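First the structure, in the form of structure tokens, and then the observations on it.
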Amino acid sequence: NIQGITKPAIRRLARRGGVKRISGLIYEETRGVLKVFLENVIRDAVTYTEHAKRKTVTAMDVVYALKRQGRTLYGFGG
Amino acid sequence: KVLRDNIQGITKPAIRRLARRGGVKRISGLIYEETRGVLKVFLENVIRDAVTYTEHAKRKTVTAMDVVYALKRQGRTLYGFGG
Amino acid sequence: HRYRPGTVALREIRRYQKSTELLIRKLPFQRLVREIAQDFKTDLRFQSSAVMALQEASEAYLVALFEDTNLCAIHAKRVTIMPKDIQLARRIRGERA
Amino acid sequence: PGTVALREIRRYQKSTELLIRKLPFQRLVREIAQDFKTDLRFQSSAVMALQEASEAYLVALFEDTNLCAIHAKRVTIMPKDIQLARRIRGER
Amino acid sequence: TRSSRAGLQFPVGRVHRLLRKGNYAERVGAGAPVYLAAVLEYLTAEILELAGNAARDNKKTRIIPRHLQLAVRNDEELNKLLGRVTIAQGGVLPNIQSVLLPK
Amino acid sequence: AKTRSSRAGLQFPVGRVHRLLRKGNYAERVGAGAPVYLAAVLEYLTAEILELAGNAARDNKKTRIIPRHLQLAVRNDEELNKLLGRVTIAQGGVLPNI
Amino acid sequence: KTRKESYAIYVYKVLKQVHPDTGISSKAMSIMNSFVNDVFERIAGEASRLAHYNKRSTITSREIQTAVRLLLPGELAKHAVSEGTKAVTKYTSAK
Amino acid sequence: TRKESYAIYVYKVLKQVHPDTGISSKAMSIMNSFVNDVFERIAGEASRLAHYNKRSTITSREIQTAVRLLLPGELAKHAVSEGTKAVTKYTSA
């Protein structure tokens with residue numbers, strides 16, 4: 001599951017970030033970091049959804065969560 | 001009375017003590033001027049916000065509440081002076 | 001023939017910095033999101049737009065983190081990012097302790 | 001060399017009293033404020049709060065600077081360390 | 001309308017309503033909606049200006065997110081204002097560190 | 001008992017919390033359980049902090065809690081240190097770490 | 001079918017005011033609308049805090065101006081204040 | 001004039017927890033600042049939550065979810081338990 005974030009995908013993300021040379025342990029460290037980030041954001045989004053008494057997490061929940069975390073996102077009904 | 005070059009009132013021993021409380025052991029020579037620059041930028045931002053709040057209040061004196069509001073604006077909340 | 005190690009990397013940097021299409025294929029990421037969500041509440045549904053928002057935010061965050069990591073590695077006279085670079089970057093950011 | 005550095009580190013990490021002297025700091029703050037608008041007065045507690053915030057900020061910055069210096073297999077903090085720390089902080 | 005009376009293109013009434021209904025203060029004056037609408041209109045005018053410029057540079061007629069991202073990040077003050085905003089389908093500016101370049 | 005704090009078995013003033021909630025433009029109307037809940041949360045947090053602050057003062061052989069104690073307490077507790085991760089305590093100081 | 005609102009048409013009118021022979025995509029329209037909403041929220045919140053800080057109950061044009069000067073960088077804030085004062089004066093002209 | 005403060009309640013809690021311990025003036029001020037800061041954060045999150053659901057009132061449900069968003073794990077859990085226990089006690093009495 002978590003491993004579905006393929007090593008080459010991390011390579012592409014790094015390339016877009018401006019990295020030239022990548023270490024082997026990077027890939028796993030990135031997987032951990034992404035796991036933590038998704039954990040926090042999805043926790044907040046669910047929290048909102050639970051308070052909305054809905055079984056369907058909405059994009060607005062994600063936007064509000066990202067705003068909470070100081071990572072505001074545009075393009076999904078800000 | 002005019003004020004000039006006060007930024008040098010931040011003497012080298014003071015900056016050194018600060019770094020000591022920051023856990024720094026060995027300090028390069030050029031650090032001091034960079035530290036003065038950083039401090040000047042920080043003070044310019046905080047006092048800009050504080051003076052804005054003071055102007056809105058139509059007061060000629062800057063109050064501690066102004067400073068605390070400015071700091072909270074900068075994401076640097078401070079306890080111990082009200083608010 | 002053969003391209004010297006390190007050139008195709010630069011070419012890929014140029015290629016990817018000019019485009020905006022997402023770099024993680026959608027379905028694995030979506031399954032990861034669903035797995036993570038399940039641990040907070042059972043029998044949940046997601047709007048596709050919500051999944052896209054999550055993917056955009058995460059990808060942008062990772063790209064920024066990689067930028068900072070590359071800066072850290074360069075600071076150490078290095079050209080390869082290593083786990084210590086990411087750890088230092090996050091530490092200074094204030095994300096990790 | 002270096003022993004008294006550690007001694008000072010311990011001494012100033014034990015205490016809390018302010019490290020920047022009071023009157024130079026007040027003069028600097030008055031100057032900076034003057035350039036933003038003339039004829040301003042200050043409550044001394046406002047100056048003290050400003051100094052507290054400045055010192056906290058500088059100590060945290062120095063912590064990050066030291067972290068950067070160690071990352072470069074060095075032990076002496078140098079301006080580029082501060083620049084890297086502030087860049088990563090997202091400051092400008 | 002009141003946008004007409006103030007030479008604005010942004011809806012003054014909408015802003016006045018949202019100001020009341022957002023629970024920002026007990027009472028809302030008359031100038032405030034006009035002023036806030038004017039500032040919003042100016043800011044979006046700046047954004048659209050630079051994004052259209054970028055779209056011209058990229059030889060396109062319709063603005064896509066990438067143009068907005070380029071206009072924001074290339075501009076210092078807009079980049080500062082949107083310091084904590086990630087724009088969907090925005091991408092990043094082209095930037096390669098010196099030491100990474102071939103010798 | 002007359003005081004709403006006594007009704008809820010709380011030390012904090014539920015009336016003051018109610019007034020503040022209303023005189024702060026958070027919403028048109030305020031429920032009656034929200035002031036109680038918020039006052040109880042505030043009281044719990046102050047108690048949690050004061051416990052560690054008194055322990056720190058005891059470690060320093062002092063009868064009174066001074067800002068250094070509050071700092072030590074917050075910065076030594078992972079969760080409290082996170083809640084106040086972007087806050088500065090006047091005269092707080094820093095934790096001894098080399 | 002719910003009648004959800006947005007700023008689309010006024011954004012388009014301004015765009016024409018600045019780049020007559022140019023269009024915009026829906027994804028960018030959404031981005032622009034989100035930016036409008038975010039800036040509105042920030043300025044209104046700053047004005048609200050302004051009111052409380054001074055023990056007053058009204059968000060007037062002055063509160064909006066000072067919130068703008070707090071929230072925006074130097075040059076952008078300068079031009080924002082110019083535009084706001086101009087529009088407010090012109091509105092008080094007409095009736 | 002009247003400068004309201006949480007000083008008396010903080011004193012009460014302190015003596016409940018540390019009867020043989022005092023608090024300095026600066027520490028009392030800091031505690032007051034912390035109380036006000038947490039109050040504002042919780043209330044603001046609750047207000048956002050009310051707005052996000054097109055709701056005109058803040059109930060203890062909003063406060064609870066705001067706490068769950070704001071506080072860390074163990075802190076949030078214990079604070080929630082305390083809050084709902086106090087709410088139940090208030091309702092019954």
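Residues are referred to by chain and number: the chain letter is A, B, ... according to the order shown in the structure tokens, the number counts from 1 in that chain, and ligands are numbered separately from 1 in the order shown.
Near chain A, within 10 Å and using only C-alpha atoms, the residues of chain H are residues 45, 48, 49, 50, 52, 53, 61, 62, 64, 65, 66, 68, 69 and 70 of chain H.
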Show me, as an MDAnalysis selection string, the residues of chain A whose atoms get within 7 Å of chain G, using only C-alpha atoms for the distance check. chainID A and resid 74:78
Near residue 53 of chain D, within 12 Å and counting only C-alpha atoms, which residues show up once chain neighbours fewer than 6 positions away are dropped, as an MDAnalysis selection string? (chainID B and resid 39 42:43 46:47 64 67:68 70:72 74:81) or (chainID D and resid 18 20 46:47 59:60) or (chainID F and resid 86:93)
Determine which residues of chain F DSSP labels as strand (DSSP E or B) from the backbone of this structure, then write them out as a PyMOL selection string. chain F and resi 29-30+64-65+87-89
Which residues of chain F have any atom within 6 Å of an atom in chain H when counting only C-alpha atoms, and what is the closest pair of atoms for each, with the distance in Å to one decimal? Order the rows by chain and rising number and write it as CSV.
```
residue,atom,partner,partner_atom,distance
F:7,CA,H:90,CA,5.2
F:8,CA,H:90,CA,4.3
F:12,CA,H:9,CA,5.8
F:26,CA,H:47,CA,5.0
F:27,CA,H:57,CA,5.5
F:28,CA,H:56,CA,5.5
F:29,CA,H:57,CA,4.6
F:30,CA,H:58,CA,5.1
F:31,CA,H:59,CA,4.7
F:33,CA,H:60,CA,5.0
F:34,CA,H:60,CA,3.8
F:36,CA,H:87,CA,6.0
F:37,CA,H:83,CA,4.4
F:40,CA,H:83,CA,5.2
F:41,CA,H:79,CA,5.2
F:63,CA,H:21,CA,5.2
F:64,CA,H:22,CA,4.3
F:65,CA,H:23,CA,4.6
F:66,CA,H:27,CA,5.2
F:67,CA,H:27,CA,5.0
F:79,CA,H:72,CA,5.9
```
Among the residues of chain A, find those DSSP assigns to helix (DSSP H, G or I) from the backbone and print them as a VMD selection string. chain A and resid 2 to 4 7 to 17 24 to 51 59 to 68
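Proximity to segment 21-34 of chain D at 8 Å, evaluated using only C-alpha atoms and with sequence-adjacent residues fewer than 3 positions away removed, yields residues 3, 4, 6, 7, 9, 10, 14, 43, 44, 47, 48 and 51 of chain B; 18, 37, 38, 39, 40, 47 and 51 of chain D.
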What is the distance, in Å and to one decimal place, between atom CA of residue 52 of chain F and atom CA of residue 22 of chain B? 24.3 Å
Chain A residues near chain E within 10 Å, closest pair each, using only C-alpha atoms, as a tab-separated table:
```
residue	atom	partner	partner_atom	distance
A:16	CA	E:92	CA	7.5
A:17	CA	E:92	CA	8.0
A:18	CA	E:96	CA	6.1
A:19	CA	E:100	CA	8.5
A:20	CA	E:100	CA	6.8
A:21	CA	E:100	CA	9.2
A:66	CA	E:85	CA	9.9
A:67	CA	E:85	CA	9.2
A:70	CA	E:84	CA	6.5
A:71	CA	E:84	CA	5.8
A:72	CA	E:85	CA	4.8
A:73	CA	E:86	CA	5.1
A:74	CA	E:87	CA	5.1
A:75	CA	E:88	CA	5.8
A:76	CA	E:88	CA	8.4
```
Same residues, N, CA and C atoms, output as an mmCIF file, in the first residue's frame:
```cif
data_model
loop_
_atom_site.group_PDB
_atom_site.id
_atom_site.type_symbol
_atom_site.label_atom_id
_atom_site.label_comp_id
_atom_site.auth_asym_id
_atom_site.auth_seq_id
_atom_site.Cartn_x
_atom_site.Cartn_y
_atom_site.Cartn_z
ATOM 1 N N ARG A 16 11.580 17.491 -10.150
ATOM 2 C CA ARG A 16 10.829 18.740 -10.164
ATOM 3 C C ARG A 16 11.248 19.652 -9.018
ATOM 4 N N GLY A 17 11.788 19.086 -7.939
ATOM 5 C CA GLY A 17 12.310 19.901 -6.861
ATOM 6 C C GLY A 17 13.703 20.439 -7.096
ATOM 7 N N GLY A 18 14.395 19.941 -8.112
ATOM 8 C CA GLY A 18 15.734 20.392 -8.420
ATOM 9 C C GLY A 18 16.854 19.517 -7.904
ATOM 10 N N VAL A 19 16.562 18.292 -7.495
ATOM 11 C CA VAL A 19 17.576 17.370 -7.001
ATOM 12 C C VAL A 19 18.192 16.649 -8.191
ATOM 13 N N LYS A 20 19.509 16.457 -8.145
ATOM 14 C CA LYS A 20 20.224 15.743 -9.194
ATOM 15 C C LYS A 20 20.555 14.310 -8.802
ATOM 16 N N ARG A 21 21.084 14.107 -7.600
ATOM 17 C CA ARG A 21 21.523 12.798 -7.140
ATOM 18 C C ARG A 21 20.730 12.432 -5.894
ATOM 19 N N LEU A 66 -6.221 21.717 5.309
ATOM 20 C CA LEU A 66 -4.973 22.306 4.835
ATOM 21 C C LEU A 66 -4.813 23.725 5.357
ATOM 22 N N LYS A 67 -5.916 24.474 5.430
ATOM 23 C CA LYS A 67 -5.857 25.817 5.994
ATOM 24 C C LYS A 67 -5.435 25.772 7.455
ATOM 25 N N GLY A 70 -1.781 25.518 7.861
ATOM 26 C CA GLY A 70 -0.996 26.561 7.223
ATOM 27 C C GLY A 70 -0.454 26.166 5.867
ATOM 28 N N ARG A 71 -1.223 25.402 5.098
ATOM 29 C CA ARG A 71 -0.829 24.933 3.773
ATOM 30 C C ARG A 71 -1.962 25.163 2.782
ATOM 31 N N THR A 72 -2.470 26.397 2.753
ATOM 32 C CA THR A 72 -3.668 26.730 1.989
ATOM 33 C C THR A 72 -3.532 26.288 0.535
ATOM 34 N N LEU A 73 -4.615 25.733 -0.004
ATOM 35 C CA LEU A 73 -4.663 25.233 -1.369
ATOM 36 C C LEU A 73 -5.739 25.970 -2.151
ATOM 37 N N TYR A 74 -5.451 26.254 -3.418
ATOM 38 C CA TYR A 74 -6.372 26.946 -4.304
ATOM 39 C C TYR A 74 -6.822 26.025 -5.428
ATOM 40 N N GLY A 75 -8.050 26.237 -5.888
ATOM 41 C CA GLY A 75 -8.589 25.497 -7.006
ATOM 42 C C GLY A 75 -9.614 24.440 -6.667
ATOM 43 N N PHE A 76 -10.126 24.412 -5.440
ATOM 44 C CA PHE A 76 -11.149 23.441 -5.075
ATOM 45 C C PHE A 76 -12.242 24.108 -4.256
#
```
